[PDB]
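Visitor: Dropping the structure in here first, questions after.
Heads up, the Cβs are rebuilt from the backbone with ideal geometry, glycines too, and the neighbour counts pull from every protein chain shown. Values quoted throughout were computed directly from the atomic coordinates according to the rules given, and no laboratory measurement underlies them.
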Amino acid sequence: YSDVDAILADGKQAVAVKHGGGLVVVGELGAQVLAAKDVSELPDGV
Amino acid sequence: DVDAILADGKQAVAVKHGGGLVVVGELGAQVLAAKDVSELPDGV
Amino acid sequence: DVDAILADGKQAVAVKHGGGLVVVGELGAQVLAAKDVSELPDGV
Amino acid sequence: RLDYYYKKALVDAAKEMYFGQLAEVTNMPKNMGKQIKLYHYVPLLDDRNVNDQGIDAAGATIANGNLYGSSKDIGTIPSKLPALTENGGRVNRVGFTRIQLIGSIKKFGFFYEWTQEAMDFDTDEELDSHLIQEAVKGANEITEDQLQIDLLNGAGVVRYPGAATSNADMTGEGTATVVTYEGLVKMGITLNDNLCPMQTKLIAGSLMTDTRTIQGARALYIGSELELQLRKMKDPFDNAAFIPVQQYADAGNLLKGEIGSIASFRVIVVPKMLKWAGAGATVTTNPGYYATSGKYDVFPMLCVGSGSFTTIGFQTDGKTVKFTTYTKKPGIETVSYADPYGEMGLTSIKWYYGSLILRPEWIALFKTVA
Amino acid sequence: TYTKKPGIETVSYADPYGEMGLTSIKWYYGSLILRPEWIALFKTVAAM
């Protein structure tokens with residue numbers, strides 16, 4: 001990307017990395033993938 | 001509600017810029033913690 | 001130990017609303033930063 | 001309402017300190033690194049002295065610059081004596097060696113959190129006081145094991161009961177490898193060569209009826225379990241060996257938490273004494289020994305000198321450690337993007353601990369009893 | 001005790017740039033037993 005506006009404009013939210021430095025960018029599937037207790041609740045794409 | 005997240009044995013990470021709250025799952029985190037193709041669960 | 005996490009290369013963030021630390025991996029970050037089924041890494 | 005709420009709470013007392021008082025500190029500068037080094041010098045005759053400079057008095061190099069070393073054998077010393085002929089061409093060519101001692105400083109800390117709801121709608125309104133009291137007391141406790149773990153690990157004098165040589169050797173199955181009166185005196189004899197000086201002077205004797213006179217001794221720290229074995233311990237003359245503390249209380253001064261004395265040791269009981277739990281032999285038919293966690297449990301017997309514990313304090317002002325606390329009370333103090341309401345609190349205790357164990361002649365003898 | 005410090009004191013044809021040092025201790029021991037009957041010795045095998 002180019003700026004912190006681009007990720008927000010893209011819709012993807014951005015979380016601040018405290019230990020390591022940087023800005024991890026989170027998308028809808030990435031969050032939807034991430035929020036999963038077990039194999040059952042993963043996107044149809046995985 | 002946020003309490004329902006913890007009751008599900010689920011932790012949650014705040015977002016500084018534009019998310020507010022992102023819920024983080026133990027399968028997801030274990031997926032999220034991965035260098036290469038080697039360290040992802042059998043489900044993936 | 002946290003240094004082992006950093007020395008390995010994996011970053012880490014802070015879980016505020018309940019929990020400790022989740023550790024971000026290289027593939028996971030790419031996995032996490034995916035909009036649609038054609039934006040996540042090849043392995044998944 | 002179904003019951004009456006009594007306000008006063010039952011709070012456990014803090015375990016009394018026994019090891020932190022015997023250590024001396026060495027200040028470590030800030031701007032420089034995290035290690036301290038020493039150059040310990042050894043005697044020329046000591047067998048530790050190894051050096052290339054070793055030319056024989058009447059000859060060439062023999063790779064031994066310590067003459068007869070520490071042989072102490074009359075069949076050896078005359079041969080290795082620095083005999084010199086009339087022609088003084090070459091001689092023993094003694095060498096000297098110094099020992100490098102390295103000490104490290106590590107970091108340790110705490111933290112715990114509480115919500116405003118927990119403090120507000122709780123049955124007891126003194127929750128904050130109880131938490132900080134329990135927190136700081138535990139920090140005092142944890143610091144003690146930091147010291148004790150190192151002291152137990154580092155001890156040149158390690159005598160094993162019977163014919164045992166390692167922790168695994170010890171067992172209670174057959175002839176239980178326990179402390180004998182013979183074993184204790186040898187540890188003092190080994191300690192009598194040097195390092196550990198005589199902690200206390202010998203007791204002359206006071207005018208009484210039952211009082212006995214004891215010799216100069218060195219404090220030996222023991223766990224509570226092994227105390228009984230020391231009590232019922234027959235001397236060579238089938239009499240008692242554990243002189244009770246009361247029999248010399250009138251004459252000499254008393255060290256804190258004393259139970260008695262054996263030979264050249266005054267017994268000190270420490271409530272929090274770490275042990276080698278489940279490190280002996282497999283307990284097939286354990287004959288009623290309290291030492292049983294999967295395998296036999298090995299208990300220590302520690303005798304610290306006065307030159308074997310140099311605790312390094314990073315910025316600690318003449319103390320083994322300082323605790324650095326940080327309280328963020330719920331409210332405006334903890335208002336941020338994470339919680340824009342401030343319904344969270346935080347307290348963290350950080351500290352820096354390190355030890356050296358210079359001149360490692362502390363005595364640590366094991367025992368499997370009870 | 002004889003001590004030849006590095007410098008001029010050890011300058012020679014072998015080492016014109018005197019750098020080596022030296023320290024030698026010598027003595028004569030001697031021993032005379034006037035009355036051996038006054039010396040008593042007891043041998044013993046020690047325990048353990």
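Visitor: What distance in nm separates the simple spin-label points at residue D:44 and residue E:37, each placed 7 Å from Cα in the Cβ direction?
Guide: 4.1
Visitor: Follow-up question, since we're still on this one. For chain D, what is the calculated [θ] at 222 nm in deg cm²/dmol (nearest 500), taking -39500 (n - 2.57) for each run of four or more DSSP H residues and dividing by its residue count? Could the numbers behind the result be given before it?
Guide: Details: 5 runs with 53 residues, N = 370.
-4500 deg cm²/dmol, from helical runs alone.
Visitor: Once the piece of chain linking residue D:258 and residue D:194 is laid out straight, how much longer is it, given 0.36 nm per residue of separation minus the C-alpha distance between them?
Guide: On the way: separation 64, 0.36 × 64 = 23.04 nm, distance 2.46 nm.
Stretched fully, the residue D:258-residue D:194 segment lengthens by 20.6 nm.
Visitor: Taking the Cα centre of segment D:264-329 as the origin and placing charges on Cβ (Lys, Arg +1; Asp, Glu -1), which of D:288, D:271, D:299 is farthest toward the positive end of the dipole?
Guide: Farthest towards the positive pole: D:271.
Visitor: Is the C-alpha gyration tensor of chain B telling us rounded, prolate or oblate? Criteria: a/c under 1.5 is rounded; beyond that, a/b larger than b/c is prolate, otherwise oblate. Working shown, then result.
Guide: Numbers: a/c = 4.07, a/b = 1.63, b/c = 2.51.
Oblate.
Visitor: What dipole magnitude, in Debye to the nearest 20, does segment D:83-127 give about its Cα centre under +1 on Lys/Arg Cβ and -1 on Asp/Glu Cβ? Could the numbers behind the result be given before it?
Guide: Values: 5 positive and 8 negative charges, 312 e Å.
Dipole magnitude for segment D:83-127 comes out near 1500 debye.
Visitor: Let's test the formula: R0 of 41 Å, r as the Cβ-Cβ distance of residue A:8 and residue D:274. What FRET efficiency results, to the nearest 0.05? Don't skip to the end; give the middle numbers.
Guide: Details: r = 55 Å, r/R0 = 1.35.
It comes to 0.15.
Visitor: May I ask you to sort C:17, D:130 by Cβ crowding, counting other Cβ atoms within 10 Å and putting the fewest first?
Guide: Ascending number of Cβ neighbours within 10 Å: D:130, C:17.
Visitor: Moving to a separate point now. Once amide H atoms are placed 1.01 Å from N in the peptide plane, what residues at a sequence separation of 5 or more from residue A:14, or on another chain, have their amide H within under 5 Å of its amide H?
Guide: The answer is A:26, B:17, B:18, B:19.
Visitor: Right, here's the next one. Of D:161, D:331, D:108, which is farthest on the positive side of the dipole of chain D, counting Cα position, with +1 on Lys and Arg Cβ, -1 on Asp and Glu Cβ, and the Cα centre as origin?
Guide: Result: D:161, furthest along the dipole toward the positive end.
Visitor: Here's another thing I want to ask about it. How far apart, in nm, are two points set 7 Å out from the Cα along the Cα-to-Cβ line at residue D:101 and at residue E:2?
Guide: 3.9
Visitor: Neighbour counts of other C-beta atoms within 10 Å: give me D:22, D:10, D:202 arranged from fewest to most.
Guide: Numbers: D:22 17, D:10 5, D:202 13.
Fewest to most other Cβ atoms nearby, the residues stand as D:10, D:202, D:22.
Visitor: Considering the options C:7, C:41, C:23, tell which one lies farthest towards the positive end of the dipole of chain C, charges being +1 on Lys and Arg and -1 on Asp and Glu at the Cβ, about the Cα centre.
Guide: C:23
Visitor: Separate question: Could you calculate the FRET efficiency of residue D:286 with residue B:21 from 1/(1 + (r/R0)^6), where r is the beta carbon distance between them and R0 is 51 Å, rounded to 0.05?
Guide: With a Förster radius of 51 Å, E is 0.35.
Visitor: Mind putting a number on the dipole of segment D:82-232 about its Cα centre? Charges go on the C-beta only, +1 for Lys and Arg and -1 for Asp and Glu, and I need it in Debye to the nearest 20.
Guide: Values: 13 positive and 21 negative charges, 409 e Å.
For this selection, approximately 1960 debye.
Visitor: What distance in nm separates the two pseudo spin-label positions at residue D:159 and residue D:17, each 7 Å out from Cα along the beta-carbon direction?
Guide: Taking the two extended label points, one gets 3.1 nm.
Visitor: Which entries in the list D:322/D:350; B:35/D:106; B:10/B:35; C:16/D:328 go over 20 Å, if you measure between the two C-alpha atoms of each?
Guide: On the way: D:322/D:350 8 Å; B:35/D:106 30 Å; B:10/B:35 24 Å; C:16/D:328 15 Å.
The answer is B:35/D:106; B:10/B:35.
Visitor: Could you work out how far the C-alpha centroid of segment D:164-209 sits from that of segment D:352-370, in angstrom?
Guide: Comparing the Cα centres of segment D:164-209 and segment D:352-370, I get a distance of 15 Å.
Visitor: Once you sort the root eigenvalues of the Cα gyration tensor of chain D as a ≥ b ≥ c, which label holds: rounded (a/c under 1.5), prolate (a/b larger than b/c) or oblate (the other case)?
Guide: Numbers: a/c = 2.41, a/b = 1.51, b/c = 1.60.
Taking the square roots of the gyration eigenvalues as a ≥ b ≥ c, chain D is oblate.
Visitor: Continuing with this model, one more query. Residue E:19 to residue D:201: FRET efficiency via 1/(1 + (r/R0)^6), r the Cβ-Cβ distance, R0 35 Å, to the nearest 0.05? Mind showing how you got there, number by number?
Guide: Values: r = 53 Å, r/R0 = 1.50.
FRET efficiency, residue E:19 to residue D:201: 0.10.
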